[PDB]
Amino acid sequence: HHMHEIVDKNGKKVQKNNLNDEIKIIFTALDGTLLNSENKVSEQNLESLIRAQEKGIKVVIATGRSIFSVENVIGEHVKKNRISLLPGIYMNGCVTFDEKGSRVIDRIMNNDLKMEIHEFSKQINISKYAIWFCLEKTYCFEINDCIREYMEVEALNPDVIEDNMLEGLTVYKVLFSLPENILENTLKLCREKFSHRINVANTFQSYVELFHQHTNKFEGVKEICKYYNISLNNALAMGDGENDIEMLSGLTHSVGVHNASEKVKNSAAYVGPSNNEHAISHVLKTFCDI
């Protein structure tokens, strides 16, 4: 079967003996990549992460999430020091921590641009689907089935606040949890309105995220590699969604998981197993010889 293989653009399996770069560090998306469809770390992945720690391979989360929601999803592994959150790349790079919890990237959204996005979202009536991200907290203006769906997956509940409170908040991103039926059209409106203003990414499903135009996960990758004096050629990135494209195309070694879209796969050097098939375990086997 093809379930567990990693292959190049020609469809040929990647062989360790043909690799000339040691992989010292792995950057991975969380939902859709490391976590299976139940948002759990499979036992096969966990076993391989334990071996990677024994061998001194660093595994770094790179996610649209805040560190707070990451801790709520994978906390049991963090508590056992099986997955480290520091260093880590959060809010699509706009908050990137070194191992001391210091932000080596802090990209706040300009406040005028924040209010312009806010006003536009009210004008097209997606404001009710907005989750606004501050450094330590998230906010929404109401609760509906789409906010509910967001909360259940995110596993961290935003505070409900009034409209006029947004002006006083210092924010990094906004995430719209959209109805499927309006996703495609809303994505077009946001991208047309905000090009060369802000990043617009459909990260998973009907979620649309807006965050600092000049920042992305790859900016975090560069900062963390720099920290440890690791050449980019010794780093590997793996991912599934649009917010992974820059880090997949920015590194020579990168793995799109099988469940990723063609656009995401195209940006990656290699295609691996799906997130339900223990992708990082097989990445560790292929690149690091387990």
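In case it trips you up, residue 1 is the first one in the sequence shown, and so on.
- On average the C-alpha atoms of 195-203 have higher B-factors than those of the other stretch, with 82-90 and 195-203 being the two compared.
- Mean CA B-factor, 260-268 versus 244-252: the higher value falls on 260-268.
- Residue set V104, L175, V160, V153: peak C-alpha B-factor at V160 (per PDB entry).
- In this entry, the residue among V73, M115, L210, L135 with the greatest C-alpha B factor is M115.
- Compared with the other modelled residues of the chain, the Cα B-factor recorded for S69 ranks in the lowest third.
- In the PDB entry, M109 places in the lowest third of its chain by CA B-factor.
- The PDB entry assigns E38 a C-alpha temperature factor belonging to the highest third of its chain's modelled residues.
- In the deposited entry, the Cα temperature factor of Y139 places it in the middle third of its chain's modelled residues.
- Sort the chain's modelled residues by C-alpha temperature factor and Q44 lands in the highest third, per the entry.
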